[PDB]
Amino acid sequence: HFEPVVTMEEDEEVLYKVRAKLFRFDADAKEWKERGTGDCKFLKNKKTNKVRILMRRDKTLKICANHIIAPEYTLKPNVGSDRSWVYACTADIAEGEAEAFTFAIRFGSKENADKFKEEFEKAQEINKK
């Protein structure tokens, strides 16, 4: 007998995966600022059945969005785009400490955007319970 030669997403399921660019609105200076570009994922916890948005920047893989898809939230259009949504978020923990944000999220096409909105609303229904 020869002796032998010697992320915290584990517990979630992926409902939707889309490529996107997230912006936040600087209140004090009237302009948008990019927060990240990468895969935006809808992750349902297998315990709580709570769906969140989780988005990671490409390459560095730093979290640029982390919040519950609250059933109250409302996707609005942006005047300049037919492939974006803007909505208010009461608590995002991408940086760490919970903070409120006005987000916009833009996609490759109008189709991708429409599908996201449909998925966002599916997730809201799930979170109401």
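The first residue of the sequence shown is number 1, and the count goes up from there.
In the record comparison, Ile126 is modelled in each of the other entries of this protein that model the residues flanking it, with no third of them omitting it.
In the other compared entries of this protein that model both flanking residues, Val6 lacks coordinates in at least a third of them. Unmodelled residues of the deposited sequence between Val6 and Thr7: 4 to 9. When the two stretches 10 to 18 and 102 to 110 are set side by side, the higher mean Cα temperature factor goes to 10 to 18. Within the group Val86, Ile53, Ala29, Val79, the record's highest C-alpha temperature factor is found at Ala29. Ranked against the other modelled residues of its chain, the C-alpha B-factor of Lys46 as given in the entry falls in the highest third. Split the chain's modelled residues into thirds by C-alpha temperature factor. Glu95 is in the highest one.
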